[PDB]
Amino acid sequence: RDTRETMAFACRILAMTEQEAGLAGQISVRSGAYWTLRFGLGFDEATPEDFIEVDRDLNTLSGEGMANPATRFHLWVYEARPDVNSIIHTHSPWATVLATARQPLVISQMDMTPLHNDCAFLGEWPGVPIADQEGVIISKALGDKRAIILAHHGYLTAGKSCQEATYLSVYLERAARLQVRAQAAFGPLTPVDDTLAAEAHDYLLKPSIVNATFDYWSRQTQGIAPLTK
Amino acid sequence: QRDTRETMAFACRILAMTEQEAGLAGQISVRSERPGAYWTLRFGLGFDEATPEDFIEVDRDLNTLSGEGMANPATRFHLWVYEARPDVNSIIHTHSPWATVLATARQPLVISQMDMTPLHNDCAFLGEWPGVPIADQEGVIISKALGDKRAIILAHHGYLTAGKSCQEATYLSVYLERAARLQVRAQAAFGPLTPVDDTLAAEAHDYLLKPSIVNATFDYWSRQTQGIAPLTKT
Amino acid sequence: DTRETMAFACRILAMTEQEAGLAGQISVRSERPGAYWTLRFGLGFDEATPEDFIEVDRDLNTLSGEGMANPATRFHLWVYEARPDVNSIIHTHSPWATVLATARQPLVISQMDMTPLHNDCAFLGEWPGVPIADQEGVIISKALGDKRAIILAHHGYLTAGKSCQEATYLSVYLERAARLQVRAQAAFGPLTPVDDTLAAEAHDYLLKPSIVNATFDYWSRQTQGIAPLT
Amino acid sequence: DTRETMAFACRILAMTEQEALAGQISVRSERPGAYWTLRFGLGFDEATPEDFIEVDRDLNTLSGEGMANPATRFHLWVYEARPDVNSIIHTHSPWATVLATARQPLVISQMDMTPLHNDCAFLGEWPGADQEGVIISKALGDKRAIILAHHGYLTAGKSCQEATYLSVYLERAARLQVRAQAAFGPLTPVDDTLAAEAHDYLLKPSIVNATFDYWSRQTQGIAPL
Ligand code: NI
Ligand code: NI
Ligand code: NI
Ligand code: NI
């Protein structure tokens, strides 16, 4: 119940922080099974009852609905990364600009540091590959990283929890927006010092900050009343 | 008739939601079951306010055959596209923000990302801007330049999409506008883009244009326009 | 009817994203000589109601309505005196038109919707700081000449219409034209202008009273809220 | 009244699009060595008057319910260095952070940028509370604002209304500069004498307070016609 509620909030947060590209969004949580948003729904309409548990053959083991067959590749990532418990893939507007231009992230600001030495870049675009080819390609290119920019496609985040995968997704999208806006006006950016970036990376990825931020974004999706007159 | 008008009303709300307003420049039509006629949004209304009763059926002379209202005379040229393209049943024309950047800069789309592929080998580019021609000349110019494509970027003007259904014309419109936004933002920061392989782009084009995906995506966007309740508070 | 039209013009300007603190100005020439209708000081365009528009004279005395005029609108009298054809003036520091003003870049007519400003947008290259009405009015009236709009370097823009509907339509079209030009030049460099003869025909077509008034009425309905489809 | 003013300042910052839990706001307390601030874990968009607490130099809550955001402790060094400052805002707002990330100072080229003319410091070093406070107080000097390289910005006002006004004007000035440079390259600055006159005009209390009250009314919702 807690997992489905967390996944529903993660979906609403991703929709609120403007990540939508038709029905291209995917989310999963490790259960050889995984929890995922049922087929045909967007992140903005997800409720706890829309998350189903499914095996390697995409058979539903718990809940009502069918899995989005495009999430089958997530099993290869979970198999390669025992530390990963949640995966998010979207074609969000600004991260997809970096993907389309074949441009890796350049760590030049405090909030970009959760991706410092933690964002892989897959240069090859295999088109619409089958689940197995995509899983092997993405697991290999991801390596031990928390995120990957997929050239000509979008991005994927891989977190130890659904809260961490969501936090990485939002921070990667905002980091991409900052980099694209800054390079359009001023050209290539000078990165910050690697040692200080690694310290800021560890600071921003502490569970207390990740969970408090996820809970804040969750409250924002529910609506906040203006101050009374 | 009722289902056609309801589909057109949702298409208008979806275009408005996906931010495509430039005054009353927006046009939408659906080929009528009656020869020589088309359904279209009545004059004076924006896409964001369209309801089923705002779609009227008009003839080649712009006489209203069915419904209450007068046609936007600027939609008369659509008849030439329908005549040239028996496969086309719905047309959308707008001056949306990002697609109009490409049109203004005389820059064709460069297919460099998965969601740009429904326009791969499917977007014509009219390089000449003819000013404000009368519907007949506008119709011949646009039908000839469109050829067999699903979309066209009209230099110094905007774009047009031509679908087998109103759902397909809307899907092409949204994907073209988002593809143009991605390209403009990418080129402003990084310069010209590297196009993806043509064969893989054509496969992704065919995958994304399957009727099941087009209709499910149109229905999803239709639900979005109606408002989605937030998750409840405890 | 004048106060209602001005209230809708204000809501339209706020909706179409022109906001910059309380820097906005709007006026309509009064039927009474030497007077003009304007939004009262301290209110933004987004909160304007018909009762917030007052009629004021050259000395900023309130002739009709409740409230005090924004003294920064005094120079509008100089434009009305120089242009008998002008009945409504709008000045704001809208986001995109102000990028052109800040960069000292005139509009380049390269798309259909930019044509209402073709041969109709002056450019004041000098920024006089915070001048008094006497100086600002002469500077702006002289630079505007017979045009419908002017980009004011390092400041913003002003539109001058035969009606409040036309001043509003010019304001929205200028802001969107500036957005299109800035976005296009950032990605692709300087633009190719369209043919002058065709641009003048498109200018006349888009400035016809029927399309100006239908568009103003459409934007008016949008500010009031539209219910989603059931 | 202080907590209500801070609640409106928070809603205005959220409305004028500044969100990155990175946001900080404080007001110097009437009690020496203390400051009022938004409690930990809340964003500016949800702040109510009861969410502002009074805290001491050791981050102990003196008044109200809640714990302070420990990252606000450095505000004490700015208050100690600047007796004229009574409110401080720090955010990583979208456009001001573009300038900070690119190490680009503001170039005063338009009327609404003038409240920052000769009033915006630039800290070039990114150090990754005692060290942060000394570094930021020294770099800020006597200015109303500072762009912090690779980080964000801070404003320091004589009132919460002035800190909020400086925040909004700096973010909009950064947006204007970034959009203009992307399309047209480096900007020509306006005349310094005229910029200083416009700076003084726009920072008059009547304009600052009327503008803050206008933005406060906007956060509450305005009925359509
Ligand atoms: Ni994908
Ligand atoms: Ni058109
Ligand atoms: Ni002004
Ligand atoms: Ni910070």
Side-chain angles (χ1 to χ4, degrees), chain C residues 9-18 20-27 38-39 41-48 70-73 89-103 124 127 129-130 136 149-159 167-168 170-172 174-176 178-179 182, chain D residues 12-13 15-18 93-96 106 108-117 155 161-162 164-180 187 190 195 198-199 201-204 206-219 222:
Chain C
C10 286
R11 301 305 184 99
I12 293 165
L13 295 169
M15 175 185 68
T16 63
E17 303 169 80
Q18 302 234 347
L22 289 165
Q25 304 167 359
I26 185 167
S27 69
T38 189
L39 182 57
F41 167 86
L43 294 178
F45 281 179
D46 52 336
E47 59 198 334
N70 167 2
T73 61
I89 297 168
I90 292 168
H91 163 69
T92 78
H93 306 176
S94 56
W96 296 99
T98 304
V99 169
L100 292 186
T102 302
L124 173 62
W127 180 60
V130 182
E136 195 176 17
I150 181 163
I151 292 178
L152 302 167
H154 309 293
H155 182 184
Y157 78 82
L158 172 145
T159 56
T168 303
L170 288 164
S171 286
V172 177
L174 176 55
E175 170 71 0
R176 293 171 173 178
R179 184 173 68 183
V182 173
Chain D
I12 293 166
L13 299 164
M15 176 183 66
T16 65
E17 305 171 272
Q18 298 219 4
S93 56
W95 295 99
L106 215 46
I108 312 301
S109 298
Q110 186 264 347
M111 168 69 169
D112 305 314
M113 303 180 84
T114 66
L116 295 314
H117 177 254
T155 56
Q161 291 89 340
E162 193 189 37
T164 303
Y165 185 89
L166 287 164
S167 286
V168 179
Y169 274 68
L170 174 55
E171 171 70 359
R172 293 173 173 177
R175 185 175 66 182
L176 175 60
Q177 178 171 341
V178 173
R179 285 173 169 176
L187 298 174
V190 291
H199 166 276
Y201 168 84
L202 286 175
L203 287 164
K204 288 188 306 172
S206 58
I207 293 181
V208 169
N209 293 333
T211 303
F212 182 90
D213 289 351
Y214 162 56
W215 293 321
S216 292
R217 296 192 306 271
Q218 292 186 300
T219 73
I222 298 159

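Lettering of chains follows the sequences in order, A, B, ..., and the numbering in each one begins at 1. The figures here come from the full heavy-atom set of this structure, side chains too, leaving out hydrogens, waters and symmetry mates.
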(message) Just verifying a value: how many Å separate D/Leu13 CG and D/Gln18 CD, rounded to the nearest 0.5 Å?
(response) 5.0 Å
(message) Contact between C/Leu43 and D/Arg217 at the side-chain level, heavy atoms closer than 4.5 Å - yes or no?
(response) yes
(request) Measure the spacing between CG of C/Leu174 and CD1 of C/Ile90 and express it to the nearest 0.5 Å. (result) 11.0 Å
(request) With rounding to the nearest 0.5 Å, note down the distance linking OG1 in D/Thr16 to CD in D/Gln218. (result) 9.0 Å
(request) Show your working on side chain to side chain contact (heavy atoms under 4.5 Å, CB included) between D/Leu166 and D/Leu203 and close with a plain yes or no. (result) CA-CA 9 Å; D/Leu166 287 164; D/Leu203 287 164; 4.2 Å; yes
(message) To the nearest 0.5 Å, what is the distance between CE on D/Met113 and NE2 on D/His199?
(response) 13.5 Å
(message) Show, in sequence, the C-alpha distance, side-chain angles and deciding distance for C/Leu124 and C/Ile151, and conclude whether the side chain to side chain contact (heavy atoms under 4.5 Å, CB included) test is met.
(response) CA-CA 6 Å; C/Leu124 173 62; C/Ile151 292 178; over 6 Å; no
(request) Indicate whether any N or O donor in one side chain lies under 3.5 Å from an N or O acceptor in the other, for C/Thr73 and C/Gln25. (result) no
(request) Indicate whether any N or O donor in one side chain lies under 3.5 Å from an N or O acceptor in the other, for D/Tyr214 and D/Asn209. (result) no
(request) For residues D/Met111 and D/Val190, determine if any side-chain heavy atom of one lies less than 4.5 Å from a side-chain heavy atom of the other. (result) no
(message) Which residues pass the ring pair (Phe, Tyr, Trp, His ring centres under 6.0 Å) test with C/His155, not counting sequence neighbours?
(response) C/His91, C/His93
(message) Any side-chain to backbone donor/acceptor pair from C/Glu47 onto C/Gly44? Under 3.5 Å, distance only.
(response) yes
(request) For C/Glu17 and C/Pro95, work out which heavy atoms get closest and say how close. (result) O-CD, 3.2 Å
(request) Not counting sequence neighbours, which residues clear side-chain hydrogen bond (donor to acceptor under 3.5 Å, both in side chains) with C/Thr98? List them please. (result) none
(message) Looking at C/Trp96, I'd like to know if the NZ or CZ of D/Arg179 sits under 6.0 Å from its six-membered ring centre while staying within 45 degrees of the ring's axis.
(response) yes
(message) In the structure I gave you, are the side-chain heavy atoms of D/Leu202 and D/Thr114 within less than 4.5 Å of one another anywhere?
(response) yes
(message) Can you confirm whether D/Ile12 sits close enough to D/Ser216 that some side-chain heavy atom of one is under 4.5 Å from a side-chain heavy atom of the other?
(response) yes
(message) Using every non-hydrogen atom in the two residues, find where D/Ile108 and D/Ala195 come nearest and quote the distance to one decimal.
(response) CG2-CB, 4.5 Å
(message) Tell me whether the rings of C/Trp127 and C/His154 are parallel (<30°), tilted (30 to 60°) or perpendicular (>60°).
(response) perpendicular
(request) Just do the side chain to side chain contact (heavy atoms under 4.5 Å, CB included) check on D/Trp215 and D/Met15 with the steps written out, would you? (result) CA-CA 9 Å; D/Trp215 293 321; D/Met15 176 183 66; 4.2 Å; yes
(request) Using distance alone, with no hydrogens and no angle criterion, decide if C/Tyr157 and C/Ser171 have a side-chain donor and acceptor under 3.5 Å apart. (result) yes
(message) Is the shortest side-chain heavy-atom distance between D/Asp112 and D/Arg172 below 4.5 Å?
(response) no
(request) Begin from the C-alpha positions of D/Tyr165 and D/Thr155 and carry the test side chain to side chain contact (heavy atoms under 4.5 Å, CB included) through to its verdict. (result) CA-CA 9 Å; D/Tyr165 185 89; D/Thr155 56; over 6 Å; no
(request) Supply the atom-to-atom distance C/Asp46 CG to D/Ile222 CD1, rounded to the nearest 0.5 angstrom. (result) 4.0 Å
(message) Quick check: closest heavy atoms across C/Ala101 and C/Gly156, and the distance to 0.1 Å?
(response) CB-O, 3.7 Å
(message) Nearest 0.5 angstrom please: C/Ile26 CD1 to C/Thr168 OG1, how far?
(response) 5.0 Å
